[PDB]
Amino acid sequence: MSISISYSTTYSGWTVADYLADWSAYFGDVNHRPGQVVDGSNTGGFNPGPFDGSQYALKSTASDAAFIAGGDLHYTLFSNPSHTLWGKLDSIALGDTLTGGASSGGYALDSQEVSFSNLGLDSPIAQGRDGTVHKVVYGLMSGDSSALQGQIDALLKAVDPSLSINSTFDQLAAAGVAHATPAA
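Conventions and cut-offs
Residues numbered from 1 in each chain as written, not as in the entry; some residues may be left out. Heavy atoms only, no water. Core = buried A, V, L, I, M, F, W, Y, C linked by side-chain atoms within 4.5 Å. Buried < 20%, exposed > 50% of the residue type's maximum accessible area, 1.4 Å probe, protein only. Helix = DSSP H or I, 4+ residues; strand = E, 2+ residues; numbered from the N terminus. Contact = heavy atoms within 4.5 Å. 1 Å grid on protein atoms, 1.4 Å probe; cavity = no way out; pocket = protein on both sides within 12 Å on 5 of 7 lines; lining within 4 Å. Points joined across faces, edges and corners; volume = space filled by probe spheres on them. Nonpolar A, V, L, I, M, F, W, Y, C, P; charged D, E, K, R; others polar. Axes fitted to C-alpha atoms, helices over the stretch in contact; angles between N-to-C directions. Parallel < 35°, antiparallel > 145°, perpendicular 65-115°, else oblique.

Structure determination for this entry is recorded as X-ray crystallography, at 1.5000 Å resolution.

Shown next, in the form of structure tokens:
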């Protein structure tokens, strides 16, 4: 039930907020918007798809940045409420160089830098694009991780009120929340 965080040792002295502000800018905005959608460039993909998955994953068009959203995710395409991502969001993994897909046993990052697990997010279809899951993941598409940052901040303060996204990964490891992974 408590948030679990992984981090490359390279980021031990970073705050969660500072990492996510840089990651959002580094991945940038893939411009997934009317008249700008480009299949195979800014659509990403579901595992197993075609419009549902245990994972949704996308590579940046600006850098090698990529994310994988994990849970039980559903996309409505044209159906009311149109262009909604909803369902369960358990995890976000951030790093460089997306590989794999359904046929490989899932998506994976060549270089996973940071992950957030046990997010416990569950948004119903009826909330449409106002659902927390939709806003969290769309923010990762579009260079604004505010929604994710606020959910993590809330989950940390729920483990212990001394913790926040202004904590360093090292501090969160000392608190038992975070776990160091190998450096690239």
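Additional details are given in the paragraphs that follow.
### Comments concerning the nonpolar core
In terms of nonpolar packing, the biggest core is built from 41 residues, with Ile5, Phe67, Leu89, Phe116, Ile152 and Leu156 touching the most fellow members. Tallying contributions element by element places helix α1 (residues 16–27) first for this core, with six residues. Not counting residues within four places of it along the chain, the set of residues in contact with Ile5 comprises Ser115, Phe116, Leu156, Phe169, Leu172, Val177, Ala178 and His179. Judged by nonpolar contacts, the second largest core, of six residues, contains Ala57, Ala66, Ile68 and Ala93.

### Overview of the layout of surface pockets
In this structure, the largest pocket encloses a volume near 650 Å³. Surrounding the largest pocket, 21 residues form its lining, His32, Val37, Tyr75, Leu77 and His83 being those nearest its centre. The set of elements that each furnish at least two residues to the lining of the largest pocket consists of β2 (45–48) and α2 (132–141). A breakdown of the residues in the lining of the largest pocket according to their chemical character gives 13 nonpolar, six polar and two charged.

### Quick notes on the packing of α2 against helix α3 (residues 146–159)
α3 packs onto α2 with a crossing angle of 125° between their chain directions and a minimal axis gap of 7 Å. With respect to each other, α2 and α3 are oriented oblique. Residues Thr132, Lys135, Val136 and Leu140 of α2 lie in contact with α3, whose contacting residues are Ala147, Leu148 and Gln151. Taken together, the residues of the contact of α2 with α3 break down into four nonpolar, two polar and one charged.

### Describing unusual backbone geometry
If a residue is not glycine, its phi is most likely negative; likewise, a peptide bond is most likely trans. Here the amide bond leading from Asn47 into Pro48 is cis, since omega sits at 5°, within 30 degrees of zero. Structurally, the position occupied by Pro48 is in strand β2. Its identity as a non-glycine residue notwithstanding, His83 has a phi of 50°, on the positive side. Position of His83 among the secondary structure elements: in the loop between β4 (65–75) and β5 (85–101). Here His83 falls in the partly exposed class, since its relative accessible area comes to 30%.

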